[PDB]
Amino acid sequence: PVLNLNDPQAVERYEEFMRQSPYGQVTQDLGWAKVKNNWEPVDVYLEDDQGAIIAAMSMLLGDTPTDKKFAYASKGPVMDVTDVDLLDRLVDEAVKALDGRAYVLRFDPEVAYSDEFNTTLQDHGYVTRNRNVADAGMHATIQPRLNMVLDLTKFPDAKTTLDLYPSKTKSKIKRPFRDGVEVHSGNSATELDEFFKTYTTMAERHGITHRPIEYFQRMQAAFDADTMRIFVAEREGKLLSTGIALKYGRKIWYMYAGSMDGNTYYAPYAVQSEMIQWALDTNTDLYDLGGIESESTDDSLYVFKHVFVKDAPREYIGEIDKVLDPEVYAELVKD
């Protein structure tokens, strides 16, 4: 069935399923549609034999240079995607809800890549994009398939961030705090302003673009302080670096970051340590530092994230495409 966003009861039932599911993703929460307010939301779900929601998919429709829309369910659907028969049924509901307006329905769930799963998906008619597509550029996957994930369940008795690392790393983490760096956190307008200053400074330094502040304001309006938290690191009155983390489902996700020019006294390490501490304090299963371009010291992202994640990066199945308009798909999507 398709979710009626104007039915408060239906919305609450959908939200409760999403927030309580071990497969929950903040990008699949209805709040994400409020952040991506320039996209059109279409959400569907399936019920089990007792009428309870068993699977759901929050889609966002975007424009293309053609007459068709691009339907995307970021890090969805919310269910065990390896249960392909159930997946097919959920996608059928989604396809009906799309009513022929999109050329494709794409979803990139956080499930490990494997030849077996890749083949099963293809056998069911889906087109998958992973090892067969470019690593970067207009042809690469929207979300990085290689992600640095810290499995906190491997350390049941860990009390603080330091308890998860070898001595060599404990030293690196302690360094910023020893040098005066202090971190405060919250989700107020003040923290957002501090984040934005470091975020724009970072972008200017790298000569890259950045999202407007309104994007983050919608995010703050959509999620409470127990879901969204901004960490700000300072040293004796000077702003050094910040990071935004979202707690949802079984993980806390390091989503955005900013850092000022010059000497930052390893403040980014302090931010990470506090985000991890939040995961520990809330008994969260995973801490996700996000993607990397490659498992190589040549990649600055890897070098930094490898400090906090010694295990191999997780490699996801990638993009699963339900092709609806073959001609437009071939025009807009290539390896």
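A residue's number is simply how far along the shown sequence it sits, counting from 1.
Peer 1: On average, which has the higher Cα B-factor in the deposited entry, 143 to 151 or 75 to 83?
Peer 2: Stretch with the greater average CA B-factor: 143 to 151.
Peer 1: So 127 to 135 or 215 to 223, which one's hotter by mean CA B-factor in the entry?
Peer 2: The stretch with the larger mean CA B-factor is 127 to 135.
Peer 1: Compare the CA B factors listed in the entry for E194, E110, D88, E182 and report the winner.
Peer 2: Among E194, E110, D88, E182, the highest C-alpha B-factor in the entry belongs to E182.
Peer 1: Hey, out of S58, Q272, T297, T282, whose CA B-factor is highest in the deposited coordinates?
Peer 2: Highest C-alpha B-factor among the listed options: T297.
Peer 1: Using the temperature factors of the C-alpha atoms in this entry, rank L301 within its chain: lowest, middle or highest third.
Peer 2: It falls in the top third of the chain.
Peer 1: Relative to the other modelled residues of the same chain, rank the CA B-factor of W278 and answer lowest, middle or highest third.
Peer 2: Tercile = middle for this residue's CA B-factor.
Peer 1: Where does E16 sit by CA temperature factor within its chain: lowest, middle or highest third?
Peer 2: Middle third - that is where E16 ends up once the chain's C-alpha B-factors are sorted.
Peer 1: Comparing against every modelled residue in the chain, figure out the third that the C-alpha B-factor of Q122 lands in (lowest, middle or highest).
Peer 2: According to the entry, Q122 has a C-alpha B-factor in the chain's middle third.
Peer 1: According to the PDB entry, is the CA B factor of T64 in the bottom, middle or top third of its chain, that is, lowest, middle or highest?
Peer 2: It falls in the middle third of the chain.
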